[PDB]
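Asks: Dropping the structure in here first, questions after.
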Amino acid sequence: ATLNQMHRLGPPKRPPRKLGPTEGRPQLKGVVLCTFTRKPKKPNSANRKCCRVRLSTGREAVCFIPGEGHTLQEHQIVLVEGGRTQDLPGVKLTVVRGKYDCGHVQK
Amino acid sequence: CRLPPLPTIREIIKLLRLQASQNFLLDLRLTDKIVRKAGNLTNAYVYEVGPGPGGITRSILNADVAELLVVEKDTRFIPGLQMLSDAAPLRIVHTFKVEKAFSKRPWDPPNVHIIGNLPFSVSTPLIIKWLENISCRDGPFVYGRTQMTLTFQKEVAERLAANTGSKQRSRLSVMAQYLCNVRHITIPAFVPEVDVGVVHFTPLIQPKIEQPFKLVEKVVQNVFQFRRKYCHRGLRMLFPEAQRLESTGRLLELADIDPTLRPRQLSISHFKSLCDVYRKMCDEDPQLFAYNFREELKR
Amino acid sequence: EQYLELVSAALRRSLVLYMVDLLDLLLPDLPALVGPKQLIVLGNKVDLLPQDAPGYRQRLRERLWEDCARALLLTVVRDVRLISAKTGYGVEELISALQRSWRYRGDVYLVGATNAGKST
RNA sequence: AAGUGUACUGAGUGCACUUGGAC
RNA sequence: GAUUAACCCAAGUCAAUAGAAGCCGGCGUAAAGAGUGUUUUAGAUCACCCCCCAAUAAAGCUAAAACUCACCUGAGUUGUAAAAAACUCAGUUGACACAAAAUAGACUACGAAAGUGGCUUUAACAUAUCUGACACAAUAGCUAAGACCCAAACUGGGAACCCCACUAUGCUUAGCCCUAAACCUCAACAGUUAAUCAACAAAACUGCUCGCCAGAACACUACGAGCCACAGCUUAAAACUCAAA
Ligand SMILES: [Mg+2]
Ligand SMILES: [Mg+2]
Ligand SMILES: [Mg+2]
Ligand SMILES: [Mg+2]
């Protein structure tokens, strides 16, 4: 644009950054509701464990449970951080292994 | 109750011998949802149309029905329906007269339900015919106020269940609504570019227009022929040109329809008033009812 | 009662503008008060009502319609409108509707409660 | 043939427009 | 998933979040030149050297061809792939429009744009010697009244597409609606041809100003608002999703 146009329009108005799945916080607490499996998008196919958890803000979200083996059950307390899974569309949270009811990865 | 597995689209292509013009709902879950919305079918007499592959048939049989009268047109699906009947010892049949089909309550519903997922090219004539049947208290409704659950295109269902002033108000809306309680309960889901709505019709105990079906149809069609003009523009055509002005004025005045009202701003009460006045006019003028303005203009 | 025995006699000899306070929600007694004539409902003080959700004006019009149905032909009520005399909201549209149609001919009787805003 | 706008009907048609097609 | 080996950092490591990275770039085809024209405050230096064709409105008029009506004849006419359906009507001659405007036109003009191609007359086609929001805006559509040859959404009949008849509508008046692939898809003005340049398109650029765009879809959408006078147009988002488009 012209110099006058730039002056009139002022500096760019950078849009506010959208709040991530964790609403801007690096972690949250939640209560597990229902565990289940999910099929990753092809070519990846290995079943992946997910759990519906009600965050500290009331919102319910599906969170991927990493690793092998767990004991998560209904009404159990977990801590969930951000980070989308590579091949689980929609799932945009991860249970932090080693906190609260999430007994360490049951190796 | 164990039933045969639903045919996949592979078996359907093999069955129709195409080796590669119809859409099949092969989703038993959606069929179960439709059967649920149809109501409680426990020990009910269900008349099923447009059977097709048979997902609706399987869902209804899963529902504890007493007799389920299937009517199919294509003979390539009869083998599957026969297998279904053998699995669930379903009366299959290949214009059909349902009145003689079943063994009749006075005008609650007489435990007789109708379920249909037909081609949209065939549902509209069928629903018009059944509306006339309700008007005459005959056909499938000899048993009483039989309830119907039919799948239409999304637009057609919206027009059927449209309210006064709703952009989808139209002839179908008025015709269905002055005889039936119509409820649009929509599917996006079919194995083979439109959405599908499910609509439930319950005949009204007291119809909102006590006039002949053909008379009401003529009145509504002439009213709605000009959907963007004042109602009188479309009403005036019911009369010969010679007496058009005076007859239209007399009609509107003997009714209480404001001439500025557009066609979609007319309620069933307005249509009742118009139909009554038009019936009086036809009674006192025999030639009026058969008049066709385009036929006159042909000269 | 005073209105029944003094003014209803004159009214029952035309159009009636029945003003109803939107905040406060006489309706069932209209058939005796005015008689069988054309009536238009005007919900006043709409501006003072907060906008709880979109389409609240439509919801209010609907609610007035069921209230009238509970009490009347839809005496016949031919129009339900929402106005705010203080802010002049909808007054011009009401005037246009009044002048646009044959049905609104004759005199106009403005009936309502004390606080309805009839003066305004 | 394709598409824009617009209106009726249930994807077509009517009017005008463009080649982001062929001769 | 386990095992071996290796790499980086190391009393740390690195998973999440947040921040630091932020406008002199573009607008024919990717988002982008807003349908068109004119102001003010201003801005810029480009200010100093400097007929007529087809615009528009009104009034009047008509050559060819239609329809209808007259006779005169004929019994079929129309319709197409071929038939149906339909009319008893058809041919010549004559009279005869409120419709449309061959040929010129292989011209490229007028108008801001949309548009403007029958004839005559009247009125008439702004301006500085720069750019820059109220007035217009094709076809379609609506209101009231007229015209209705022909064409024709829709309807009906015949065997969606084909044939037949006919209506909105196309036309006049008086008002509305304001959208088009409103496109030369290339903004106005001034200037240049000096060294070519994503590709294609209408060779490439410079200066100057205004408008417009900041991934896709959600979304010519919702909410609100304006115009409406209620079924629509203009303005126009958000959330959720994706690493594409
Ligand atoms: Mg200027
Ligand atoms: Mg402008
Ligand atoms: Mg226009
Ligand atoms: Mg016409």
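Labels used: A, B, ... for chains in the order of the structure tokens, numbers from 1 for residues in each chain, and numbers from 1 for ligands as shown.
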Given a cut-off of 9 Å, what residues near ligand 4 show up using only C-alpha atoms (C1' of nucleotides) and all ligand atoms, put as a ChimeraX atom specification?

Replies: /E:148,152,167-170

Asks: Give me the residues within 7 Å of stretch 194-210 of chain B as a list in words, counting only C-alpha atoms (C1' of nucleotides) and dropping any in the same chain fewer than 6 places off.

Replies: residues 107, 145, 146, 147, 148, 149, 150, 151, 152, 153, 154, 157, 178, 179, 180, 181, 182, 183, 184, 185, 186, 187, 188, 268 and 272 of chain B

Asks: Write the residues you've just listed into a file as an mmCIF file, in the first residue's frame, and include N, CA and C atoms for each of them.

Replies:
data_model
loop_
_atom_site.group_PDB
_atom_site.id
_atom_site.type_symbol
_atom_site.label_atom_id
_atom_site.label_comp_id
_atom_site.auth_asym_id
_atom_site.auth_seq_id
_atom_site.Cartn_x
_atom_site.Cartn_y
_atom_site.Cartn_z
ATOM 1 N N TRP B 107 -62.310 -43.946 14.177
ATOM 2 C CA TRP B 107 -61.487 -42.786 13.855
ATOM 3 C C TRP B 107 -61.221 -41.959 15.107
ATOM 4 N N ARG B 145 -56.966 -44.295 12.257
ATOM 5 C CA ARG B 145 -55.911 -43.300 12.057
ATOM 6 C C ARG B 145 -54.549 -43.991 12.119
ATOM 7 N N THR B 146 -54.260 -44.743 11.060
ATOM 8 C CA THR B 146 -52.972 -45.412 10.952
ATOM 9 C C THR B 146 -51.856 -44.381 10.868
ATOM 10 N N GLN B 147 -50.752 -44.660 11.554
ATOM 11 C CA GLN B 147 -49.611 -43.759 11.576
ATOM 12 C C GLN B 147 -48.621 -44.155 10.489
ATOM 13 N N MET B 148 -47.978 -43.154 9.892
ATOM 14 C CA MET B 148 -47.065 -43.359 8.776
ATOM 15 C C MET B 148 -45.712 -42.743 9.097
ATOM 16 N N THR B 149 -44.645 -43.413 8.670
ATOM 17 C CA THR B 149 -43.279 -42.922 8.828
ATOM 18 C C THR B 149 -42.568 -43.114 7.497
ATOM 19 N N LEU B 150 -42.312 -42.012 6.797
ATOM 20 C CA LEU B 150 -41.788 -42.061 5.443
ATOM 21 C C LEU B 150 -40.521 -41.225 5.333
ATOM 22 N N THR B 151 -39.609 -41.682 4.481
ATOM 23 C CA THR B 151 -38.366 -40.967 4.220
ATOM 24 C C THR B 151 -38.514 -40.153 2.942
ATOM 25 N N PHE B 152 -38.327 -38.841 3.054
ATOM 26 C CA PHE B 152 -38.369 -37.936 1.915
ATOM 27 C C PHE B 152 -37.040 -37.206 1.803
ATOM 28 N N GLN B 153 -36.855 -36.516 0.682
ATOM 29 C CA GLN B 153 -35.725 -35.611 0.562
ATOM 30 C C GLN B 153 -35.838 -34.531 1.633
ATOM 31 N N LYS B 154 -34.699 -33.932 1.982
ATOM 32 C CA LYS B 154 -34.700 -32.952 3.064
ATOM 33 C C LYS B 154 -35.607 -31.774 2.735
ATOM 34 N N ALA B 157 -39.320 -32.835 2.857
ATOM 35 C CA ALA B 157 -39.773 -32.997 4.234
ATOM 36 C C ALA B 157 -39.963 -31.646 4.912
ATOM 37 N N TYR B 178 -53.473 -29.900 6.602
ATOM 38 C CA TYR B 178 -54.893 -29.773 6.910
ATOM 39 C C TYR B 178 -55.549 -31.128 7.141
ATOM 40 N N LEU B 179 -54.808 -32.228 6.963
ATOM 41 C CA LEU B 179 -55.313 -33.569 7.218
ATOM 42 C C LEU B 179 -54.504 -34.363 8.231
ATOM 43 N N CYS B 180 -53.222 -34.057 8.422
ATOM 44 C CA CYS B 180 -52.373 -34.857 9.291
ATOM 45 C C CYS B 180 -51.545 -33.960 10.195
ATOM 46 N N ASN B 181 -51.256 -34.472 11.388
ATOM 47 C CA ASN B 181 -50.170 -33.948 12.206
ATOM 48 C C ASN B 181 -48.872 -34.493 11.628
ATOM 49 N N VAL B 182 -48.041 -33.603 11.095
ATOM 50 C CA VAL B 182 -46.829 -33.974 10.380
ATOM 51 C C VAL B 182 -45.637 -33.462 11.172
ATOM 52 N N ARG B 183 -44.678 -34.346 11.431
ATOM 53 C CA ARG B 183 -43.492 -34.007 12.210
ATOM 54 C C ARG B 183 -42.250 -34.457 11.458
ATOM 55 N N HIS B 184 -41.369 -33.511 11.151
ATOM 56 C CA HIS B 184 -40.071 -33.827 10.564
ATOM 57 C C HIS B 184 -39.099 -34.133 11.696
ATOM 58 N N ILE B 185 -38.737 -35.401 11.841
ATOM 59 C CA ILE B 185 -37.899 -35.832 12.947
ATOM 60 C C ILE B 185 -36.432 -35.736 12.553
ATOM 61 N N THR B 186 -32.773 -35.619 10.239
ATOM 62 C CA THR B 186 -32.292 -35.693 8.865
ATOM 63 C C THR B 186 -31.035 -36.550 8.777
ATOM 64 N N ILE B 187 -30.959 -37.360 7.731
ATOM 65 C CA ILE B 187 -29.823 -38.245 7.488
ATOM 66 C C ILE B 187 -28.989 -37.633 6.368
ATOM 67 N N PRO B 188 -27.677 -37.418 6.562
ATOM 68 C CA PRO B 188 -26.861 -36.846 5.483
ATOM 69 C C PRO B 188 -26.638 -37.815 4.327
ATOM 70 N N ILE B 268 -54.267 -22.341 7.696
ATOM 71 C CA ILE B 268 -55.269 -23.335 7.340
ATOM 72 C C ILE B 268 -56.668 -22.792 7.581
ATOM 73 N N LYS B 272 -59.533 -22.697 4.891
ATOM 74 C CA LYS B 272 -60.872 -23.211 5.154
ATOM 75 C C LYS B 272 -61.931 -22.211 4.718
#

Asks: Enumerate as an MDAnalysis selection string the residues within 7 Å of ligand 1, counting only C-alpha atoms (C1' of nucleotides) and all ligand atoms.

Replies: chainID E and resid 38 131:132

Asks: Next, write the just-selected residues to a file, as a PDB file, in the first residue's frame, keeping N, CA and C atoms (P, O5', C5', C4', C3', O3' and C1' of nucleotides) as the atom set.

Replies:
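Okay, result_7.pdb is ready:
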ATOM      1  P     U E  38     -15.279  10.595 -11.348  1.00  0.00           P
ATOM      2  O5'   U E  38     -16.155  11.694 -10.609  1.00  0.00           O
ATOM      3  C5'   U E  38     -16.808  12.710 -11.348  1.00  0.00           C
ATOM      4  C4'   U E  38     -17.735  13.503 -10.469  1.00  0.00           C
ATOM      5  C3'   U E  38     -17.102  14.083  -9.222  1.00  0.00           C
ATOM      6  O3'   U E  38     -16.393  15.276  -9.482  1.00  0.00           O
ATOM      7  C1'   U E  38     -19.156  13.060  -8.666  1.00  0.00           C
ATOM      8  P     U E 131      -8.059  12.859 -12.161  1.00  0.00           P
ATOM      9  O5'   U E 131      -7.280  12.261 -10.907  1.00  0.00           O
ATOM     10  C5'   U E 131      -6.956  10.881 -10.833  1.00  0.00           C
ATOM     11  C4'   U E 131      -6.776  10.431  -9.405  1.00  0.00           C
ATOM     12  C3'   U E 131      -8.051  10.227  -8.606  1.00  0.00           C
ATOM     13  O3'   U E 131      -8.596   8.938  -8.811  1.00  0.00           O
ATOM     14  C1'   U E 131      -6.499  11.501  -7.340  1.00  0.00           C
ATOM     15  P     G E 132     -10.106   8.612  -8.390  1.00  0.00           P
ATOM     16  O5'   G E 132     -10.228   9.211  -6.924  1.00  0.00           O
ATOM     17  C5'   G E 132      -9.850   8.445  -5.793  1.00  0.00           C
ATOM     18  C4'   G E 132     -10.101   9.208  -4.522  1.00  0.00           C
ATOM     19  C3'   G E 132     -11.561   9.445  -4.188  1.00  0.00           C
ATOM     20  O3'   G E 132     -12.136   8.341  -3.520  1.00  0.00           O
ATOM     21  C1'   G E 132     -10.372  11.475  -4.003  1.00  0.00           C
TER      22        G E 132
END

Asks: Taking only C-alpha atoms (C1' of nucleotides) and all ligand atoms into account, report as a PDB file with N, CA and C atoms (P, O5', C5', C4', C3', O3' and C1' of nucleotides), in the first residue's frame which residues have an atom no farther than 8 Å from an atom of ligand 3.

Replies:
ATOM      1  P     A E 137     -31.181   3.348 -13.633  1.00  0.00           P
ATOM      2  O5'   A E 137     -30.107   2.177 -13.592  1.00  0.00           O
ATOM      3  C5'   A E 137     -29.146   2.036 -14.623  1.00  0.00           C
ATOM      4  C4'   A E 137     -28.117   0.997 -14.266  1.00  0.00           C
ATOM      5  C3'   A E 137     -28.666  -0.337 -13.804  1.00  0.00           C
ATOM      6  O3'   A E 137     -29.057  -1.172 -14.872  1.00  0.00           O
ATOM      7  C1'   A E 137     -26.999   0.370 -12.308  1.00  0.00           C
ATOM      8  P     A E 138     -30.608  -1.507 -15.088  1.00  0.00           P
ATOM      9  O5'   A E 138     -30.601  -2.578 -16.259  1.00  0.00           O
ATOM     10  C5'   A E 138     -30.063  -2.252 -17.528  1.00  0.00           C
ATOM     11  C4'   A E 138     -29.578  -3.483 -18.240  1.00  0.00           C
ATOM     12  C3'   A E 138     -30.531  -4.664 -18.236  1.00  0.00           C
ATOM     13  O3'   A E 138     -31.535  -4.560 -19.229  1.00  0.00           O
ATOM     14  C1'   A E 138     -28.344  -5.391 -17.691  1.00  0.00           C
ATOM     15  P     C E 177     -35.976   0.498  -3.327  1.00  0.00           P
ATOM     16  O5'   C E 177     -35.589  -1.015  -3.614  1.00  0.00           O
ATOM     17  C5'   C E 177     -36.160  -2.071  -2.857  1.00  0.00           C
ATOM     18  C4'   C E 177     -35.701  -3.405  -3.377  1.00  0.00           C
ATOM     19  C3'   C E 177     -34.220  -3.490  -3.708  1.00  0.00           C
ATOM     20  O3'   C E 177     -33.445  -3.833  -2.575  1.00  0.00           O
ATOM     21  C1'   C E 177     -35.504  -4.336  -5.517  1.00  0.00           C
ATOM     22  P     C E 178     -32.075  -3.063  -2.264  1.00  0.00           P
ATOM     23  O5'   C E 178     -31.124  -3.500  -3.459  1.00  0.00           O
ATOM     24  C5'   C E 178     -30.838  -4.872  -3.705  1.00  0.00           C
ATOM     25  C4'   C E 178     -29.918  -5.018  -4.884  1.00  0.00           C
ATOM     26  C3'   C E 178     -28.578  -4.311  -4.729  1.00  0.00           C
ATOM     27  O3'   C E 178     -27.576  -5.006  -5.465  1.00  0.00           O
ATOM     28  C1'   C E 178     -29.768  -3.339  -6.518  1.00  0.00           C
TER      29        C E 178
END

Asks: Identify all chain E residues at most 6 Å from chain A by counting only C-alpha atoms (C1' of nucleotides); ligands do not count. Present them as a list in words.

Replies: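 Contact residues on the first chain: residues 16, 17 and 23 of chain E.
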
Asks: Looking only at strand (DSSP E or B) from DSSP on the backbone, list the matching residues of chain A as an mmCIF file with N, CA and C atoms, in the first residue's frame.

Replies:
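Saved the output as selection_34.cif:
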data_model
loop_
_atom_site.group_PDB
_atom_site.id
_atom_site.type_symbol
_atom_site.label_atom_id
_atom_site.label_comp_id
_atom_site.auth_asym_id
_atom_site.auth_seq_id
_atom_site.Cartn_x
_atom_site.Cartn_y
_atom_site.Cartn_z
ATOM 1 N N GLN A 27 -0.669 -27.874 31.800
ATOM 2 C CA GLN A 27 -1.246 -29.112 32.300
ATOM 3 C C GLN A 27 -2.607 -28.819 32.909
ATOM 4 N N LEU A 28 -3.375 -29.882 33.122
ATOM 5 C CA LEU A 28 -4.660 -29.782 33.792
ATOM 6 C C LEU A 28 -4.926 -31.091 34.516
ATOM 7 N N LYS A 29 -5.844 -31.044 35.469
ATOM 8 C CA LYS A 29 -6.321 -32.237 36.146
ATOM 9 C C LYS A 29 -7.678 -32.632 35.582
ATOM 10 N N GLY A 30 -7.997 -33.919 35.694
ATOM 11 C CA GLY A 30 -9.275 -34.392 35.196
ATOM 12 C C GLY A 30 -9.647 -35.718 35.815
ATOM 13 N N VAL A 31 -10.893 -36.108 35.568
ATOM 14 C CA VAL A 31 -11.447 -37.362 36.056
ATOM 15 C C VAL A 31 -11.789 -38.215 34.846
ATOM 16 N N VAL A 32 -11.207 -39.411 34.780
ATOM 17 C CA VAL A 32 -11.505 -40.309 33.677
ATOM 18 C C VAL A 32 -12.981 -40.668 33.709
ATOM 19 N N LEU A 33 -13.565 -40.836 32.527
ATOM 20 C CA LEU A 33 -14.962 -41.222 32.388
ATOM 21 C C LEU A 33 -15.132 -42.561 31.691
ATOM 22 N N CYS A 34 -14.534 -42.729 30.517
ATOM 23 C CA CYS A 34 -14.643 -43.975 29.774
ATOM 24 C C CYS A 34 -13.371 -44.179 28.971
ATOM 25 N N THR A 35 -12.766 -45.350 29.119
ATOM 26 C CA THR A 35 -11.614 -45.729 28.319
ATOM 27 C C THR A 35 -12.072 -46.541 27.117
ATOM 28 N N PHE A 36 -11.270 -46.518 26.062
ATOM 29 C CA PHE A 36 -11.577 -47.288 24.863
ATOM 30 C C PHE A 36 -10.358 -47.264 23.953
ATOM 31 N N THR A 37 -10.502 -47.885 22.790
ATOM 32 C CA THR A 37 -9.466 -47.915 21.774
ATOM 33 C C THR A 37 -9.919 -47.124 20.556
ATOM 34 N N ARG A 38 -8.951 -46.780 19.714
ATOM 35 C CA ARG A 38 -9.222 -46.068 18.478
ATOM 36 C C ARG A 38 -8.265 -46.555 17.401
ATOM 37 N N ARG A 48 -4.978 -47.661 19.541
ATOM 38 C CA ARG A 48 -4.431 -46.687 20.477
ATOM 39 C C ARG A 48 -5.446 -46.410 21.576
ATOM 40 N N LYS A 49 -4.984 -46.424 22.825
ATOM 41 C CA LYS A 49 -5.867 -46.275 23.974
ATOM 42 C C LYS A 49 -6.175 -44.805 24.222
ATOM 43 N N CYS A 50 -7.461 -44.479 24.307
ATOM 44 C CA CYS A 50 -7.909 -43.130 24.606
ATOM 45 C C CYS A 50 -8.890 -43.186 25.765
ATOM 46 N N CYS A 51 -9.048 -42.052 26.446
ATOM 47 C CA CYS A 51 -9.962 -41.977 27.577
ATOM 48 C C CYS A 51 -10.621 -40.610 27.598
ATOM 49 N N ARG A 52 -11.927 -40.587 27.836
ATOM 50 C CA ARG A 52 -12.648 -39.331 27.985
ATOM 51 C C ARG A 52 -12.473 -38.836 29.412
ATOM 52 N N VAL A 53 -11.945 -37.625 29.565
ATOM 53 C CA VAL A 53 -11.639 -37.067 30.875
ATOM 54 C C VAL A 53 -12.251 -35.681 30.971
ATOM 55 N N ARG A 54 -12.806 -35.371 32.137
ATOM 56 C CA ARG A 54 -13.415 -34.077 32.413
ATOM 57 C C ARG A 54 -12.383 -33.195 33.102
ATOM 58 N N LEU A 55 -11.924 -32.165 32.399
ATOM 59 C CA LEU A 55 -10.828 -31.344 32.887
ATOM 60 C C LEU A 55 -11.264 -30.562 34.122
ATOM 61 N N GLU A 60 -15.055 -31.760 28.785
ATOM 62 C CA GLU A 60 -14.680 -33.153 28.589
ATOM 63 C C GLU A 60 -13.920 -33.279 27.279
ATOM 64 N N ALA A 61 -12.798 -33.989 27.312
ATOM 65 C CA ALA A 61 -11.986 -34.180 26.122
ATOM 66 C C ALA A 61 -11.452 -35.603 26.082
ATOM 67 N N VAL A 62 -11.234 -36.095 24.869
ATOM 68 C CA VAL A 62 -10.568 -37.375 24.673
ATOM 69 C C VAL A 62 -9.067 -37.153 24.780
ATOM 70 N N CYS A 63 -8.407 -37.951 25.613
ATOM 71 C CA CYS A 63 -6.974 -37.849 25.830
ATOM 72 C C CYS A 63 -6.329 -39.203 25.596
ATOM 73 N N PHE A 64 -5.263 -39.207 24.806
ATOM 74 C CA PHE A 64 -4.537 -40.433 24.527
ATOM 75 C C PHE A 64 -3.734 -40.857 25.747
ATOM 76 N N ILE A 77 -8.511 -40.178 38.906
ATOM 77 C CA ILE A 77 -7.921 -38.855 38.728
ATOM 78 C C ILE A 77 -6.655 -38.973 37.895
ATOM 79 N N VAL A 78 -6.551 -38.147 36.853
ATOM 80 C CA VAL A 78 -5.380 -38.125 35.989
ATOM 81 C C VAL A 78 -4.980 -36.680 35.740
ATOM 82 N N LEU A 79 -3.746 -36.506 35.276
ATOM 83 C CA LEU A 79 -3.237 -35.215 34.839
ATOM 84 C C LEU A 79 -2.971 -35.302 33.347
ATOM 85 N N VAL A 80 -3.436 -34.308 32.600
ATOM 86 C CA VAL A 80 -3.377 -34.322 31.145
ATOM 87 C C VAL A 80 -2.686 -33.055 30.675
ATOM 88 N N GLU A 81 -1.738 -33.212 29.767
ATOM 89 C CA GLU A 81 -1.042 -32.107 29.137
ATOM 90 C C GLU A 81 -1.380 -32.088 27.653
ATOM 91 N N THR A 94 -2.819 -35.613 26.178
ATOM 92 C CA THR A 94 -2.075 -36.802 26.564
ATOM 93 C C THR A 94 -1.989 -36.882 28.076
ATOM 94 N N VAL A 95 -2.298 -38.054 28.625
ATOM 95 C CA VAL A 95 -2.159 -38.264 30.059
ATOM 96 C C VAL A 95 -0.679 -38.334 30.405
ATOM 97 N N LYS A 99 1.629 -39.678 37.462
ATOM 98 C CA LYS A 99 0.955 -38.686 38.284
ATOM 99 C C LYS A 99 -0.420 -39.204 38.678
ATOM 100 N N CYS A 102 -2.631 -42.457 37.568
ATOM 101 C CA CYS A 102 -1.899 -43.020 36.437
ATOM 102 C C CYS A 102 -0.607 -43.632 36.959
#

Asks: Neighbours of residue B:219 within 8 Å (only C-alpha atoms (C1' of nucleotides); same-chain residues fewer than 5 positions away dropped), as a PDB file with C-alpha atoms, in the first residue's frame?

Replies:
ATOM      1  CA  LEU B 235     -56.974 -16.635  -6.665  1.00  0.00           C
ATOM      2  CA  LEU B 238     -60.277 -19.758 -10.473  1.00  0.00           C
ATOM      3  CA  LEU B 274     -61.624 -19.762   1.010  1.00  0.00           C
ATOM      4  CA  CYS B 275     -62.642 -23.381   0.425  1.00  0.00           C
TER       5      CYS B 275
END
